[PDB]
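Chains as they are written, first to last, in UniProt numbering: chain D, 204 to 272, 276 to 288, 295 to 507; chain E, 1 to 97, 112 to 145; chain V, 2 to 141, 146 to 420.
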Amino acid sequence: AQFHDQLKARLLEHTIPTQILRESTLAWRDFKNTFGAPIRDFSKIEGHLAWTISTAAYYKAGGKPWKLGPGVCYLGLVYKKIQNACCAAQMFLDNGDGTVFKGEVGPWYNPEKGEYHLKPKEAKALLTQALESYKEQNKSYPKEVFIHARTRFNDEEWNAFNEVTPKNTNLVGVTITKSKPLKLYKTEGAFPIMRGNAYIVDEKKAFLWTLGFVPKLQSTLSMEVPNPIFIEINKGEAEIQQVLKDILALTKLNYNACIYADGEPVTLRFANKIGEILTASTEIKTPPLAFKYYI
Amino acid sequence: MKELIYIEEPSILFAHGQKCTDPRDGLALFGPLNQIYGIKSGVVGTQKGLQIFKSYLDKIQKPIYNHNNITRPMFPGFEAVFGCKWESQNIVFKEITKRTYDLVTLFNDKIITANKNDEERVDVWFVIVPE
Amino acid sequence: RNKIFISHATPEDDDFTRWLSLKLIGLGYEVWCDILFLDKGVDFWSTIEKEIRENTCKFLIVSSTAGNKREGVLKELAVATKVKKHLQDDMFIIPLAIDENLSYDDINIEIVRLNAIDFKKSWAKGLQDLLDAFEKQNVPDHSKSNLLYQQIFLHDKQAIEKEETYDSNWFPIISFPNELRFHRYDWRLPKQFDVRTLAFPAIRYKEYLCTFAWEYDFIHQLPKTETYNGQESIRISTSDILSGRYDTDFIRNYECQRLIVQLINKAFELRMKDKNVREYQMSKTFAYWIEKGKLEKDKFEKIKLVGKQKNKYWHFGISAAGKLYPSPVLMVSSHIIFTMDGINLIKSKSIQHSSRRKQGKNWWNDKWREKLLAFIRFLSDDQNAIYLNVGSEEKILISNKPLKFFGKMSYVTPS
RNA sequence: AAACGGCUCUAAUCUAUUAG
DNA sequence: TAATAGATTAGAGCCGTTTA
Ligand SMILES: [Mg+2]
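Written out as structure tokens, the structure is:
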């Protein structure tokens, strides 16, 4: 179960871009279920298959497949159970207009069993590291620091964030919640709701259909019917529409896959993946902090 | 009877400064931003896995077909889209002929020896896991 | 005469012209470009003349800033003007403005009359417009380039600005019991008795009994609560709780909100216990489905709820829970519950999962929406709403029609 | 572990209350 | 310490490959 995680963990001390392919993936036709069709029926997606692989092959080889279209740093932090470990991912725009997406690593450890939040010291260190990375990449501190996570931020860690955050810098807290039971159908057509529509529940909380039907591919990014993702602006001040736009923009940079977009902001997804990599094996000082070594 | 707002789909940049919504379409039309010259592939695994990887790579070079080509864009081929060479003849191979820990250790030590001792440079290592 | 000519500035604009020519050959059109097709060790100007005035359907001129004033581009354009006059063909010259810096009014005097195919932004859409222009003039293997054509056309089909209406899984709570009544059964309720087993919903809160029912509903199984003074019970106008107004030391607003929510889901459970629907225990809640043969042609109204597939039987079931954050509304979650003979459940859950994914492989939005609406309308005793029993005289009323939504942006349904 | 999705299962935590 | 809920959160796995 932890083969991929441990293998990626043990190659972090010496930076080696690695990608794991099983024979059932590369040659799916050869391996059958012994009573009929192959176990993984990849014919419907074969080209897509190759796409993804090539994308991954082109990403870990130091090639940038596509950037995103300032002054805002998107920090998505995800918590992993083992005590909990918080692992981050940062995406921002520099003066060179090349989107820097490296991902803050060196997970911050909360000793509490079920508390998926950071202590003032760990939160202070995390946001200080984010600011330092943004400064060394851009030569200035960010106008807006887009903190977002799968959990809401407690008052104490938010106060720690505000204490260590610099002046003339407004940082916001955003919660992405998946699998909320809001199954919004379509009564006229036979296809589900088209992606991009947003239900503004409140000036701080909204339901964003980051995934759904899409006219460009004449289909839906998912099977079944699409579950909108809950965007909660629990901390900070920001317009809900701009936050939804930022989530939609972050759903674009999934370099680990060749798909139109994914249902969650991929900053959280990549932070989660590097979190599994970190929790796989023994702690490594100054982790690589680049997705080509984890994803 | 609530209002549902629309967020315009953001466009991701591509080569020549062009913007397309779908990464697949933008890659197929204009190509990736930066031009690496090729992929120095390293394959660590069983001879069967190496052969499967070479066959799939050669299949990657030529265009390949989806079942439904309109819901999901074509793959023209690695040279056509990304403009870098990843042929299968330039593959650096490493043969392999608590259980989780030692299985992990075998591939890790093979990759370590290949990265430290071998002269040939490998850009990315494709661990071909036996099934 | 079957050929396409593209003139451009050579030192600067090569990537655009190379890409355009490659796409054009991919589309099947024959092209001639000086950086691609002009041979080495050959009189270049003589061959340009031969191609321009001998074999050329159309003459495309990039309208970049440098490509406008360039002497070579000007010479090719002049010969193209002469062959345009000779051939009498309309729109033989096609400018392609690709630079945003130069104005449409600063285009050189020989081109400004022609309508320039826009290429300044989104070369893909400009190429689609150029392709449409080529098709309209009938400018001169079939199954391999229509894919590139359809990808060119489909790269930009932004949402049509049309009105669309949507049904949801949120069924609003139309009405609510006026009073939430806590009954002080310090001894009348045994301390070891389960408050979930009462015929009407009730929760053990403090020394009181949180329920929407009267103090004398719990008599059949709890007879000792008789002769209990009504002044002991504390009744709260729950509209204040829904609005959040009621925030006292006795109970916080969120706590009583949660209490009412719990009352809602367990009254839901009790009602489906009396609504002739079987139950399945998932990880976190109960799903309620209809057996085979209990409905006419296995369908309610014109929507089926139970069917067969591969020696297996499927029932559409619902699991509901209330939330009062934006409004008091009960969300439903739809599932497919599986059986061998149609009445007897499968003990295994892996086969249930596999069958659920196999049946949902072909289920789409219309099927799920119609199944949900039919099942909820079936559980409706009232024509336009369903009942949840919380007391003999206090009632929970749930809208049959989901919270309706609408959008100014939508799509053309695929055919 | 190409990948994303729906789905299922389990567990934990925070609140509020009750019995040890 | 145990229980009963809601709310949140986290983990895993399992099947399809997104109706033309
Ligand atoms: Mg990956």
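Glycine included, C-beta positions come from ideal geometry on N, C-alpha and C.
Cβ neighbours of residue i in the same chain (closer than 7 Å, five flanking residues each side left out)
| i | result |
| --- | --- |
| residue 54/E | 88, 91 |
| residue 271/D | 311, 461, 464, 465 |
| residue 437/D | 395, 397, 404 |
| residue 255/D | 469, 470 |
| residue 64/E | 75 |
| residue 87/V | none |
| residue 227/D | 234, 242, 243 |
N-terminal and C-terminal residue of the beta strand (DSSP E) that residue i is part of
| i | result |
| --- | --- |
| residue 388/D | 382-389 |
| residue 75/E | From DSSP, residue 75/E is part of no beta strand (DSSP E); its letter is neither H nor E. |
| residue 326/V | 317-328 |
| residue 344/V | 334-344 |
| residue 33/V | 32-34 |
| residue 286/V | 283-286 |
| residue 221/D | 221-225 |
| residue 55/V | Here residue 55/V belongs to no beta strand (DSSP E); instead the alpha helix (DSSP H) covers 45-55. |
| residue 151/V | Segment 147-159 is the alpha helix (DSSP H) holding residue 151/V; no beta strand (DSSP E) there. |
| residue 184/V | 184-187 |
| residue 301/D | 296-304 |
| residue 314/V | 311-314 |
Neighbourhood of residue i by C-beta, 6 Å cutoff - its chain only, sequence neighbours within 5 removed
| i | result |
| --- | --- |
| residue 26/E | 14, 20 |
| residue 382/V | 405 |
| residue 309/V | 303 |
| residue 410/D | 418, 420, 456 |
| residue 134/E | 92 |
Span of the alpha helix (DSSP H), counted from its first residue to its last, around residue i
| i | result |
| --- | --- |
| residue 261/V | 258-278 |
| residue 122/E | 113-130 |
| residue 217/D | It is not in any alpha helix (DSSP H) - residue 217/D carries neither H nor E in the DSSP assignment. |
| residue 246/V | 243-247 |
| residue 373/D | 367-376 |
| residue 60/E | 47-61 |
Spatial neighbours of residue i in its chain, beta-carbon cut-off 8 Å, leaving aside the 5 residues before and after
| i | result |
| --- | --- |
| residue 501/D | 314, 315, 316, 317, 318 |
| residue 24/V | 128, 153, 157 |
| residue 168/V | 411, 412, 413, 415 |
| residue 273/V | 325, 326, 327, 335, 393 |
| residue 12/E | 19, 20, 21, 23, 26 |
Beta-carbon proximity check, residue i vs residue j, cutoff 8 Å
| i | j | result |
| --- | --- | --- |
| residue 18/V | residue 34/V | yes |
| residue 46/V | residue 403/D | no |
| residue 126/V | residue 100/V | no |
| residue 204/V | residue 214/V | no |
| residue 442/D | residue 425/D | no |
| residue 219/V | residue 398/V | yes |
| residue 221/D | residue 141/E | yes |
| residue 67/V | residue 31/V | no |
| residue 303/D | residue 164/V | no |
| residue 412/D | residue 459/D | no |
| residue 384/D | residue 447/D | yes |
| residue 51/E | residue 78/E | no |
| residue 365/D | residue 339/D | no |
| residue 239/V | residue 262/V | no |
| residue 67/E | residue 16/V | no |
| residue 186/V | residue 200/V | no |
| residue 143/E | residue 94/E | no |
Anticipated Cβ contact below 8 Å, residue i with residue j, distance rounded
| i | j | result |
| --- | --- | --- |
| residue 58/V | residue 140/V | 5 Å |
| residue 466/D | residue 455/D | Actually they do not touch by this definition, with Cβ atoms about 19 Å apart. |
| residue 491/D | residue 297/D | 6 Å |
| residue 9/V | residue 63/V | 4 Å |
| residue 296/V | residue 351/V | Not really, about 14 Å apart at Cβ, beyond 8 Å. |
| residue 27/V | residue 150/V | 6 Å |
| residue 206/D | residue 118/E | 6 Å |
Inter-stretch contact (C-beta, 8 Å, three-pair minimum) for the region 385-405 of chain D and the region 336-344 of chain V
Put simply, the region 385-405 of chain D touches the region 336-344 of chain V. At least three CB pairs are less than 8 Å apart.
Mind the definition here: the region 38-53 of chain V touches the region 122-132 of chain E only if three or more C-beta pairs lie below 8 Å; say whether that holds.
They do not touch, by the three-pair rule.
Three-pair Cβ contact test at 8 Å for the region 69-84 of chain V versus the region 36-44 of chain V:
The region 69-84 of chain V vs the region 36-44 of chain V: no contact.
Does the count of Cβ pairs from the region 221-232 of chain V and the region 342-362 of chain V closer than 8 Å reach three?
With a cut-off of 8 Å, the region 342-362 of chain V and the region 221-232 of chain V do not count as touching, because too few Cβ pairs lie within range.
Can at least three beta-carbon pairs, one atom from the region 342-359 of chain D and one from the region 372-386 of chain D, be found at a separation below 8 Å?
At 8 Å Cβ cutoff, the stretches touch.
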